[PDB]
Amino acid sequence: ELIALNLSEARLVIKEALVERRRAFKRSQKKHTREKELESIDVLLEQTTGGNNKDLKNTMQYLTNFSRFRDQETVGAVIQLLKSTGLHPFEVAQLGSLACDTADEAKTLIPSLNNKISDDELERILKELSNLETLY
């Protein structure tokens, strides 16, 4: 099926995948703040990646800088909120990434929303997303 992620989910999903990979590696091996994020990522990548994966490295810093919801709990709340709208995954993903202040802005930036939801409901959603915004 179509699985589109918003930036914050992508961040959690990639980090989790690499943390587990680091663990898998350790088990097999022969025995014997947001700034600390950027540092941790470099270490995580060094330990789990082919060293020359700049695409992934660039992606990680990007996601650390643009992820609006930082913890799984909040992200989980955001996904629940958006799915209960019945919107298409491509719209849910953008809506979960692009912070928007008004219905007009969101509808203008995501034209397919035009006639799938009313301004009032969308306004109510923007408020909820905003309220879930990590203040960290």
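One rule holds for the numbers: they count along the sequence shown, beginning at 1.
Per the record, residue 32 and residue 33 are separated by 10 or more deposited residues that are missing from the model. Two stretches are in play, 35-43 and 22-30, and the higher mean C-alpha B-factor belongs to 35-43.
Taking the PDB entry as given, 81-89 carries the higher mean Cα B factor of the two stretches 60-68 and 81-89. Across 108, 49, 97, 74, the greatest Cα temperature factor reported in the deposited entry is at 49. Residue 131: CA B factor lies in the middle third for its chain, per the PDB record. Per the PDB record, residue ranking by Cα B-factor puts residue 13 in the lowest third of the chain. When the CA B factors of the chain's modelled residues are split into thirds, the value for residue 122 lands in the middle one. In the PDB entry, residue 2 places in the highest third of its chain by CA B-factor.
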